[PDB]
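Next comes my_file13.pdb, with PDB, C-alpha atoms (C1' of nucleotides).
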```
ATOM      1  CA  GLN K  11     -26.504 -30.693 -28.978  1.00  0.00           C
ATOM      2  CA  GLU K  12     -27.518 -29.163 -25.642  1.00  0.00           C
ATOM      3  CA  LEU K  13     -24.794 -26.622 -24.796  1.00  0.00           C
ATOM      4  CA  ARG K  14     -23.022 -26.446 -28.178  1.00  0.00           C
ATOM      5  CA  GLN K  15     -24.457 -22.967 -28.847  1.00  0.00           C
ATOM      6  CA  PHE K  16     -22.970 -21.631 -25.587  1.00  0.00           C
ATOM      7  CA  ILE K  17     -19.399 -22.527 -26.529  1.00  0.00           C
ATOM      8  CA  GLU K  18     -20.096 -21.383 -30.109  1.00  0.00           C
ATOM      9  CA  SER K  19     -21.052 -17.958 -28.762  1.00  0.00           C
ATOM     10  CA  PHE K  20     -17.953 -18.128 -26.534  1.00  0.00           C
ATOM     11  CA  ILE K  21     -15.636 -18.595 -29.537  1.00  0.00           C
ATOM     12  CA  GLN K  22     -17.596 -15.900 -31.412  1.00  0.00           C
ATOM     13  CA  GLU K  23     -17.147 -13.397 -28.563  1.00  0.00           C
ATOM     14  CA  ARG K  24     -13.437 -14.274 -28.566  1.00  0.00           C
ATOM     15  CA  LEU K  25     -13.280 -13.656 -32.334  1.00  0.00           C
ATOM     16  CA  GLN K  26     -15.119 -10.327 -32.139  1.00  0.00           C
ATOM     17  CA  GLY K  27     -12.950  -9.249 -29.210  1.00  0.00           C
ATOM     18  CA  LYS K  28      -9.844 -10.086 -31.243  1.00  0.00           C
ATOM     19  CA  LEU K  29     -11.220  -8.173 -34.242  1.00  0.00           C
ATOM     20  CA  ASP K  30     -12.064  -5.132 -32.111  1.00  0.00           C
ATOM     21  CA  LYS K  31      -8.653  -5.294 -30.405  1.00  0.00           C
ATOM     22  CA  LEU K  32      -6.496  -5.634 -33.527  1.00  0.00           C
ATOM     23  CA  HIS K  33      -8.758  -3.765 -36.028  1.00  0.00           C
ATOM     24  CA  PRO K  34      -6.468  -4.526 -38.989  1.00  0.00           C
ATOM     25  CA  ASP K  35      -8.045  -4.014 -42.426  1.00  0.00           C
ATOM     26  CA  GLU K  36      -5.109  -4.994 -44.648  1.00  0.00           C
ATOM     27  CA  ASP K  37      -4.499  -8.227 -46.616  1.00  0.00           C
ATOM     28  CA  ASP K  38      -7.667  -9.834 -45.140  1.00  0.00           C
ATOM     29  CA  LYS K  39      -6.374 -10.235 -41.586  1.00  0.00           C
ATOM     30  CA  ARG K  40      -9.972 -10.457 -40.363  1.00  0.00           C
ATOM     31  CA  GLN K  41     -10.553 -13.226 -42.913  1.00  0.00           C
ATOM     32  CA  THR K  42      -7.426 -14.995 -41.643  1.00  0.00           C
ATOM     33  CA  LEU K  43      -8.849 -14.713 -38.116  1.00  0.00           C
ATOM     34  CA  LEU K  44     -12.272 -16.000 -39.206  1.00  0.00           C
ATOM     35  CA  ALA K  45     -10.508 -18.912 -40.919  1.00  0.00           C
ATOM     36  CA  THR K  46      -9.337 -20.081 -37.480  1.00  0.00           C
ATOM     37  CA  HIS K  47     -12.151 -18.981 -35.167  1.00  0.00           C
ATOM     38  CA  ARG K  48     -15.335 -19.750 -37.133  1.00  0.00           C
ATOM     39  CA  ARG K  49     -14.302 -23.355 -37.797  1.00  0.00           C
ATOM     40  CA  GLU K  50     -13.193 -25.807 -35.094  1.00  0.00           C
ATOM     41  CA  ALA K  51      -9.457 -25.306 -35.607  1.00  0.00           C
ATOM     42  CA  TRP K  52      -9.635 -23.310 -32.366  1.00  0.00           C
ATOM     43  CA  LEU K  53     -10.804 -26.472 -30.596  1.00  0.00           C
ATOM     44  CA  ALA K  54      -7.865 -28.384 -32.083  1.00  0.00           C
ATOM     45  CA  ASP K  55      -5.496 -25.658 -30.861  1.00  0.00           C
ATOM     46  CA  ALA K  56      -7.103 -25.731 -27.400  1.00  0.00           C
ATOM     47  CA  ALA K  57      -6.600 -29.493 -27.350  1.00  0.00           C
ATOM     48  CA  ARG K  58      -2.988 -28.992 -28.459  1.00  0.00           C
ATOM     49  CA  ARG K  59      -1.947 -26.474 -25.796  1.00  0.00           C
ATOM     50  CA  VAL K  60      -0.435 -28.348 -22.832  1.00  0.00           C
ATOM     51  CA  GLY K  61       1.157 -26.853 -19.733  1.00  0.00           C
ATOM     52  CA  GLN K  62      -1.593 -26.254 -17.199  1.00  0.00           C
ATOM     53  CA  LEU K  63      -1.175 -28.071 -13.897  1.00  0.00           C
ATOM     54  CA  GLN K  64      -4.078 -27.167 -11.493  1.00  0.00           C
ATOM     55  CA  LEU K  65      -1.860 -26.749  -8.431  1.00  0.00           C
ATOM     56  CA  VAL K  66      -2.965 -24.868  -5.316  1.00  0.00           C
ATOM     57  CA  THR K  67      -0.858 -26.012  -2.343  1.00  0.00           C
ATOM     58  CA  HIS K  68       2.430 -25.471  -4.182  1.00  0.00           C
ATOM     59  CA  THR K  69       3.369 -22.584  -6.471  1.00  0.00           C
ATOM     60  CA  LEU K  70       7.089 -21.989  -6.935  1.00  0.00           C
ATOM     61  CA  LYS K  71       6.955 -18.765  -8.974  1.00  0.00           C
ATOM     62  CA  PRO K  72       6.435 -16.422  -5.951  1.00  0.00           C
ATOM     63  CA  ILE K  73       9.903 -17.444  -4.700  1.00  0.00           C
ATOM     64  CA  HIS K  74      11.435 -16.437  -8.048  1.00  0.00           C
ATOM     65  CA  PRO K  75       9.640 -15.472 -11.291  1.00  0.00           C
ATOM     66  CA  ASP K  76      11.939 -17.732 -13.339  1.00  0.00           C
ATOM     67  CA  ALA K  77      12.296 -20.840 -11.149  1.00  0.00           C
ATOM     68  CA  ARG K  78      11.413 -23.995 -13.078  1.00  0.00           C
ATOM     69  CA  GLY K  79      10.494 -26.754 -10.666  1.00  0.00           C
ATOM     70  CA  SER K  80       7.843 -29.153  -9.448  1.00  0.00           C
ATOM     71  CA  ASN K  81       4.393 -27.914  -8.430  1.00  0.00           C
ATOM     72  CA  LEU K  82       1.994 -30.004  -6.367  1.00  0.00           C
ATOM     73  CA  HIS K  83      -1.758 -30.294  -5.815  1.00  0.00           C
ATOM     74  CA  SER K  84      -2.055 -32.081  -2.479  1.00  0.00           C
ATOM     75  CA  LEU K  85      -3.334 -30.930   0.883  1.00  0.00           C
ATOM     76  CA  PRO K  86      -1.524 -32.060   4.049  1.00  0.00           C
ATOM     77  CA  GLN K  87      -3.080 -34.107   6.780  1.00  0.00           C
ATOM     78  CA  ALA K  88      -4.309 -32.371   9.900  1.00  0.00           C
ATOM     79  CA  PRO K  89      -1.672 -32.163  12.661  1.00  0.00           C
ATOM     80  CA  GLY K  90      -2.097 -33.670  16.109  1.00  0.00           C
ATOM     81  CA  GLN K  91      -0.707 -30.919  18.303  1.00  0.00           C
ATOM     82  CA  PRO K  92      -3.081 -28.250  19.670  1.00  0.00           C
ATOM     83  CA  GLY K  93      -2.716 -24.526  19.201  1.00  0.00           C
ATOM     84  CA  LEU K  94      -1.214 -23.917  15.783  1.00  0.00           C
ATOM     85  CA  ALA K  95      -3.014 -24.728  12.524  1.00  0.00           C
ATOM     86  CA  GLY K  96      -2.640 -23.819   8.862  1.00  0.00           C
ATOM     87  CA  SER K  97      -3.897 -24.374   5.297  1.00  0.00           C
ATOM     88  CA  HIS K  98      -7.594 -23.754   6.262  1.00  0.00           C
ATOM     89  CA  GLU K  99      -8.375 -27.484   6.411  1.00  0.00           C
ATOM     90  CA  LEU K 100     -11.600 -27.188   8.465  1.00  0.00           C
ATOM     91  CA  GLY K 101     -14.120 -25.587   6.098  1.00  0.00           C
ATOM     92  CA  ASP K 102     -14.811 -22.838   3.507  1.00  0.00           C
ATOM     93  CA  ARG K 103     -13.957 -25.035   0.513  1.00  0.00           C
ATOM     94  CA  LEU K 104     -11.034 -23.938  -1.589  1.00  0.00           C
ATOM     95  CA  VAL K 105     -10.457 -22.431  -5.025  1.00  0.00           C
ATOM     96  CA  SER K 106      -7.714 -23.924  -7.180  1.00  0.00           C
ATOM     97  CA  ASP K 107      -5.048 -22.174  -9.233  1.00  0.00           C
ATOM     98  CA  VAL K 108      -3.601 -22.753 -12.708  1.00  0.00           C
ATOM     99  CA  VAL K 109       0.163 -22.598 -13.305  1.00  0.00           C
TER     100      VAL K 109
ATOM    101  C1'  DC I   1      42.461  34.419  71.229  1.00  0.00           C
ATOM    102  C1'  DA I   2      36.778  33.930  73.099  1.00  0.00           C
ATOM    103  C1'  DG I   3      31.535  35.661  69.713  1.00  0.00           C
ATOM    104  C1'  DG I   4      23.949  34.231  73.545  1.00  0.00           C
ATOM    105  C1'  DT I   5      20.219  32.441  75.172  1.00  0.00           C
ATOM    106  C1'  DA I   6      13.410  32.451  73.957  1.00  0.00           C
ATOM    107  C1'  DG I   7       8.705  33.003  71.814  1.00  0.00           C
ATOM    108  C1'  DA I   8       5.220  34.323  68.431  1.00  0.00           C
ATOM    109  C1'  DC I   9       4.200  36.039  62.768  1.00  0.00           C
ATOM    110  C1'  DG I  10      -4.476  38.068  61.208  1.00  0.00           C
ATOM    111  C1'  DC I  11      -9.064  38.069  59.324  1.00  0.00           C
ATOM    112  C1'  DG I  12     -13.288  39.188  54.412  1.00  0.00           C
ATOM    113  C1'  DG I  13     -15.388  39.730  49.532  1.00  0.00           C
ATOM    114  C1'  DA I  14     -15.684  40.548  44.696  1.00  0.00           C
ATOM    115  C1'  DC I  15     -12.854  38.929  38.689  1.00  0.00           C
ATOM    116  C1'  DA I  16     -17.243  42.308  32.284  1.00  0.00           C
ATOM    117  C1'  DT I  17     -20.107  42.147  27.251  1.00  0.00           C
ATOM    118  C1'  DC I  18     -20.055  42.996  21.627  1.00  0.00           C
ATOM    119  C1'  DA I  19     -19.014  41.671  16.647  1.00  0.00           C
ATOM    120  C1'  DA I  20     -16.770  39.854  12.723  1.00  0.00           C
ATOM    121  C1'  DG I  21     -12.520  35.069  10.592  1.00  0.00           C
ATOM    122  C1'  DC I  22     -10.091  36.078   2.125  1.00  0.00           C
ATOM    123  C1'  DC I  23     -10.019  35.257  -2.827  1.00  0.00           C
ATOM    124  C1'  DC I  24      -6.862  32.483  -7.133  1.00  0.00           C
ATOM    125  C1'  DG I  25      -4.065  28.900  -9.933  1.00  0.00           C
ATOM    126  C1'  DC I  26      -1.440  24.517 -10.514  1.00  0.00           C
ATOM    127  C1'  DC I  27       0.955  18.748  -8.567  1.00  0.00           C
ATOM    128  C1'  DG I  28       6.709  14.929 -13.546  1.00  0.00           C
ATOM    129  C1'  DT I  29       8.410  10.547 -16.672  1.00  0.00           C
ATOM    130  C1'  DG I  30      12.016   6.997 -18.052  1.00  0.00           C
ATOM    131  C1'  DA I  31      13.163   1.372 -16.403  1.00  0.00           C
ATOM    132  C1'  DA I  32      11.761  -2.773 -13.542  1.00  0.00           C
ATOM    133  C1'  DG I  33       7.255 -10.165 -18.690  1.00  0.00           C
ATOM    134  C1'  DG I  34       7.659 -15.952 -19.014  1.00  0.00           C
ATOM    135  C1'  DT I  35       7.226 -19.382 -22.499  1.00  0.00           C
ATOM    136  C1'  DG I  36       7.126 -21.829 -26.722  1.00  0.00           C
ATOM    137  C1'  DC I  37       8.006 -21.969 -31.733  1.00  0.00           C
ATOM    138  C1'  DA I  38      10.060 -20.540 -36.404  1.00  0.00           C
ATOM    139  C1'  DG I  39      13.826 -19.585 -38.671  1.00  0.00           C
ATOM    140  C1'  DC I  40      18.815 -18.347 -39.490  1.00  0.00           C
ATOM    141  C1'  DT I  41      23.718 -19.147 -39.671  1.00  0.00           C
ATOM    142  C1'  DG I  42      27.834 -22.097 -38.353  1.00  0.00           C
ATOM    143  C1'  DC I  43      29.782 -26.594 -38.002  1.00  0.00           C
ATOM    144  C1'  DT I  44      31.042 -31.752 -38.824  1.00  0.00           C
TER     145       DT I  44
END
```

Please re-express this file's structure in structure tokens.
Amino acid sequence: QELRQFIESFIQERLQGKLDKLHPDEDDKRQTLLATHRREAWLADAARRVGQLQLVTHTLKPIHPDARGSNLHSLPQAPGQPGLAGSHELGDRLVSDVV
DNA sequence: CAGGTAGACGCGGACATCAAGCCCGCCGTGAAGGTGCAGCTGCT
């Protein structure tokens, strides 16, 4: 209704980027791409794809690139002791990651 | 078996200008990606 055209242009830019990247002109591969992108089967696939976690304070993959474990999105409390401090808890509001 | 005592060692003034400082061509490639799904053989 209001912002439907924005996400429609988003899927269309994705489709035209895929067509310019592949550039296959055999057996209607562009038609098989337009069969998925121009309809809302892309929205069903985007609803299907699960695995994102939105975790910032914990990311295990820097320790090893294949280390399946638990990732967390939780900031600690502020400590009581003076001097040392970490995890930027005062200001300059954070940006989150996706694992 | 032996071999010396003593006291002092100078001043002055000056130390140069000129002009320039090269061109050319080129700098290696190879290996260092997870994850999820479909489908194929082998087995009970």

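With only C-alpha atoms as the atoms that count, the residue of K:48, K:41, K:81, K:12 with the shortest distance to residue K:62 is K:81.
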
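Within 12 Å of chain I, and using all atoms listed in the file, the residues found on chain K are residues 59, 60, 61, 71, 74, 75, 76, 77, 78 and 109 of chain K.
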
Hey, can you check how far atom CA of residue K:20 sits from atom CA of residue K:46?
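Distance between the two atoms: 14.1 Å.
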
Please expand the PyMOL selection byres ((chain K and resi 85) around 12) into the concrete residues it hits in this file, giving the result as a PDB file with C-alpha atoms, in the coordinates of the input.
```
ATOM      1  CA  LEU K  65      -1.860 -26.749  -8.431  1.00  0.00           C
ATOM      2  CA  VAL K  66      -2.965 -24.868  -5.316  1.00  0.00           C
ATOM      3  CA  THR K  67      -0.858 -26.012  -2.343  1.00  0.00           C
ATOM      4  CA  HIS K  68       2.430 -25.471  -4.182  1.00  0.00           C
ATOM      5  CA  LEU K  82       1.994 -30.004  -6.367  1.00  0.00           C
ATOM      6  CA  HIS K  83      -1.758 -30.294  -5.815  1.00  0.00           C
ATOM      7  CA  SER K  84      -2.055 -32.081  -2.479  1.00  0.00           C
ATOM      8  CA  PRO K  86      -1.524 -32.060   4.049  1.00  0.00           C
ATOM      9  CA  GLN K  87      -3.080 -34.107   6.780  1.00  0.00           C
ATOM     10  CA  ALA K  88      -4.309 -32.371   9.900  1.00  0.00           C
ATOM     11  CA  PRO K  89      -1.672 -32.163  12.661  1.00  0.00           C
ATOM     12  CA  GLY K  96      -2.640 -23.819   8.862  1.00  0.00           C
ATOM     13  CA  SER K  97      -3.897 -24.374   5.297  1.00  0.00           C
ATOM     14  CA  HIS K  98      -7.594 -23.754   6.262  1.00  0.00           C
ATOM     15  CA  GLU K  99      -8.375 -27.484   6.411  1.00  0.00           C
ATOM     16  CA  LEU K 100     -11.600 -27.188   8.465  1.00  0.00           C
ATOM     17  CA  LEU K 104     -11.034 -23.938  -1.589  1.00  0.00           C
ATOM     18  CA  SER K 106      -7.714 -23.924  -7.180  1.00  0.00           C
TER      19      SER K 106
END
```

- Task: May I ask for the distance between atom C1' of residue I:40 and atom CA of residue K:38, given in Å to one decimal place?
- Result: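 Interatomic distance, atom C1' of residue I:40 to atom CA of residue K:38: 28.4 Å.
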
The distance between atom CA of residue K:34 and atom CA of residue K:54 is 24.9 Å

- [ ] Carefully work through the PyMOL selection byres ((chain K and resi 29) around 12) for this structure and note down the residues it includes, as a ChimeraX atom specification.
- [x] /K:22-28,30-35,38-44,47

How big is the axis-aligned box around all listed atoms of stretch 70-78 of chain K once 4 Å goes on each side, and where's its centre, in Å to one decimal, as JSON?
```
{"center_x": 9.4, "center_y": -19.7, "center_z": -9.0, "size_x": 13.9, "size_y": 16.5, "size_z": 16.6}
```
